[PDB]
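S.K.: next input, structure requested:
(chains A and B)
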Amino acid sequence: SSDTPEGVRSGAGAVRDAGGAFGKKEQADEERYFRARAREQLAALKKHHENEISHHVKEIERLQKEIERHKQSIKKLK
Amino acid sequence: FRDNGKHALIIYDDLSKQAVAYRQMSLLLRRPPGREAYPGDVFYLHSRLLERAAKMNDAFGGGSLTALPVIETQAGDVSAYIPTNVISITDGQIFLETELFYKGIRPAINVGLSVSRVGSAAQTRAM
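M.R.: Numbers count the residues shown, from 1 in each chain, chains lettered A, B, ... in the order given. And now the structure:
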């Protein structure tokens, strides 16, 4: 068939357009591999140091408010 | 221009819209249909138009006429009715694909399926 212009010839991207067994085995392998790359690129994206400082403080502020509460409690009791 | 010793070129853009404008005239005149509702003489419509292209000799003037028809396929199927009439009349085809057009090859001529049966006898000695 293919050894003439008349007969049917296959192009590029014909395993996914069929939608069979190999067309489903290819979609679940591009997803189960690029799911782990959304893990390693997101875990190392938390290693920004400026965010950790900001978080060094939010916590600090929270703790200082607790201290403020306690100090008021003492004031009352006294 | 062929009768008076000169040279010429003609381009039909396109011949696949002449077989459709002729099918409508047939089926409204109540003629017997055929494959894909084309009449029995659509081969005789395109043959006597392309056979008028000829290379005359020196005793008649030495003129010429060159013909380039354009044919639009559907989904790359050249085995239809009109893409097989005009293929068997002419000499060679230039097959422009759509896959090579987006892969960067522009003009997207496929040289695997393109032929010419005058061969190398129309090239200059340098080329």
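S.K.: so who does residue A:46 touch?
M.R.: Counting by C-beta atoms under 8 Å, 6 or more residues apart in numbering or on different chains, residue A:46 makes contact with nothing. The way it works is simple: take the backbone N, C-alpha and C, and place the C-beta from them, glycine included.
S.K.: what does chain B have sitting close to chain A?
M.R.: B:78, B:79, B:84, B:87, B:93, B:95, B:99, B:113 (C-beta under 8 Å from any C-beta of the partner chain).
S.K.: closest to residue A:2 among those?
M.R.: Residue A:2 lies nearest to residue B:113 out of the residues of chain B next to chain A, by C-beta to C-beta, at 10.4 Å.
S.K.: tell me which helix or strand the residue nearest to the spatial centre of chain A sits in.
M.R.: In chain A, the residue lying closest to the centroid (C-alpha atoms, centre = their mean) is residue A:38, at 4.1 Å. Residue A:38 belongs to helix A:37-43 when assigned by DSSP states H and E.
S.K.: buried set for that helix?
M.R.: By 16 or more other C-beta atoms under 10 Å in any protein chain shown, helix A:37-43 has no buried positions at all.
S.K.: would you mind writing the CA trace of that helix as CSV?
M.R.: Listed next in CSV are the C-alpha coordinates belonging to helix A:37-43 (Å, rounded to 0.1, in the frame of the first residue of the first chain):
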residue,chain,number,x,y,z
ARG,A,37,8.5,16.5,39.3
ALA,A,38,5.8,18.6,40.9
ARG,A,39,7.1,17.2,44.2
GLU,A,40,10.8,17.9,43.9
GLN,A,41,10.3,21.3,42.3
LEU,A,42,7.8,22.3,45.0
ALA,A,43,9.7,21.0,48.0
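S.K.: just give me the longest helix of chain A.
M.R.: In chain A, taking DSSP state H as the definition, the longest helix is helix A:49-77.
S.K.: equivalent analysis for chain B, please.
M.R.: Of all segments of type helix in chain B, defined using DSSP H, the longest is helix B:18-27.
S.K.: where does chain A come near chain B, residue by residue?
M.R.: So chain A meets chain B at A:5, A:6, A:7, A:11, A:12 (C-beta under 8 Å from any C-beta).
S.K.: just among these, which is most surrounded?
M.R.: The most crowded member of those is residue A:5, carrying 18 neighbours; neighbours defined as other C-beta atoms under 10 Å in any protein chain shown.
S.K.: residues contacting the closest residue in space to that one that isn't next to it in sequence?
M.R.: Among residues not flanking residue A:5 along the chain, residue B:113 sits closest, at 4.8 Å (C-beta to C-beta, 6 or more residues apart in numbering or on different chains). With contact taken as C-beta under 8 Å, 6+ apart, residue B:113 is in contact with A:5, B:93, B:95.
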